[PDB]
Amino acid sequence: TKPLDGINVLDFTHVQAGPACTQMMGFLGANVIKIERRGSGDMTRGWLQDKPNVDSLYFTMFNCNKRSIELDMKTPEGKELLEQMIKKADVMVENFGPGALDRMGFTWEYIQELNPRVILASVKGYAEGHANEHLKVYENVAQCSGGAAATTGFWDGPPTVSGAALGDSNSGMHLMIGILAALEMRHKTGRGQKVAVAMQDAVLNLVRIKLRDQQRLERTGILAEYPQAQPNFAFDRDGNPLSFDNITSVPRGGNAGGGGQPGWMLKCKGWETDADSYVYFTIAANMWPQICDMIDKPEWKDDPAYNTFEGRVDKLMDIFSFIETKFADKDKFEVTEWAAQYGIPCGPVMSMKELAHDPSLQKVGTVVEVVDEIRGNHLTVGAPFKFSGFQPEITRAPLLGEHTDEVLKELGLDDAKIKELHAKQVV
């Protein structure tokens, strides 16, 4: 009937990690009240605007299903207003930095006093107690700190950031797990908890497979499925071989599978003119026979050299170079359809152009057209979890302070006090 219907979210967040978390809670039915500073608001509003004096797409795509109040919290009457809101809130969400909320007059300890049931949820750069606990962290800094950058890209290039928001939105989603887990605890104890997610830790969690590989490397001195282990395939700077001699930390493997199933990024017709004309092709062991049939190589079916993972690992790049010749006169989707005949794990690199206007993603509610009568409609990503008993209803992002008076009435305030709060500039 809507999972978070009746959950009151007092939302101090700004930028991406925090706002991503509360938006998604909003999509699941929560009543999200965004507290914004008087005059300015969330810095995403003015960030890379596509039209002057209109809230940016950075703002709108992270702040749907929210209401906005302006509030000067450096003010005695504003701190009092927060106290009432805190008494009515189920969860407060924040990303102010290492000691900022306490400095504002709101200790965890004081918060428990005001409401024994409220949950305090925070995003930080580094975990509390960490030596770098006070370092400031944006998106790519967190990718660097959590091991992703070191292990992404190519052996002869730099550490490389992912286009995906491994640091920001990923942290927000991990924080949503934490908040929902604290809600389940509260059903037993009747009490709220403090939950926090550090961006470094959210990234490390997705980089679990590389910590696996670091241990494998420490124990054996080799990762036989990595490109560096193939006979003279990779080269340093001066034209000579690379190898796991002298490699002590997980290296970049380009477009290697990253797991138990070898893969590579294979060019398709149009690659010279189109940056996204590629397919990813995975050799799943249980269907090497089917692969042999597609690429017309019956000799490889019965040959220990090309028919087991172990036989295969010393010449992966020759096998991928050869499969790739088969795709030179076929586009992405033709290659994909061809492979779907055999149930092969092969699919296209989808461009952002293709995804934004894909009819399937819109049918299933993953890409959603938001009706925004103030700014014009925009696309967004909806809820990536689909439920049998409920569908989200996505609603446009709030103007700065649009809901101030409406929210103040909900607390229980008169037209007298509201009009004087506007004169005193606390709202």
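In this text, residue numbers run from 1 along the sequence as written.
S.K.: Mean C-alpha B-factor higher for 170-178, or for 222-230?
M.R.: It is 222-230 that shows the higher mean C-alpha B-factor.
S.K.: Which of the two stretches, 402-410 or 8-16, shows the higher mean Cα temperature factor in the record?
M.R.: For C-alpha atoms only, the mean B-factor is higher in 402-410.
S.K.: Between 200, 140, 307, 122, which carries the biggest CA temperature factor in the record?
M.R.: By C-alpha B-factor in the record, 307 ranks first.
S.K.: Say you rank 291, 266, 256, 356 by Cα B-factor from the PDB entry; which sits at the top?
M.R.: Each of 291, 266, 256, 356 was compared by C-alpha B-factor; the highest is 291.
S.K.: Sort the modelled residues of this chain by their C-alpha B factor and say whether residue 194 lands in the lowest, middle or highest third.
M.R.: Middle third - that is where residue 194 ends up once the chain's C-alpha B-factors are sorted.
S.K.: Split into thirds by Cα B-factor across the chain's modelled residues, where does residue 389 land: lowest, middle or highest?
M.R.: Ranked within chain, residue 389 CA B lands in the middle tercile.
S.K.: Would you please rank residue 26 by its C-alpha temperature factor against the other modelled residues of its chain and give the third it falls in: lowest, middle or highest?
M.R.: Within its chain, residue 26 is a lowest-third residue by C-alpha B-factor, going by the deposited values.
S.K.: Could you tell me which third, lowest, middle or highest, the C-alpha B-factor of residue 281 occupies within its chain?
M.R.: For residue 281, the deposited C-alpha B-factor lands in the middle third.
S.K.: Using the B-factors in the PDB entry, rank residue 149's C-alpha atom against the chain and give the third, lowest, middle or highest.
M.R.: Answer is lowest: the recorded C-alpha B-factor places it there.
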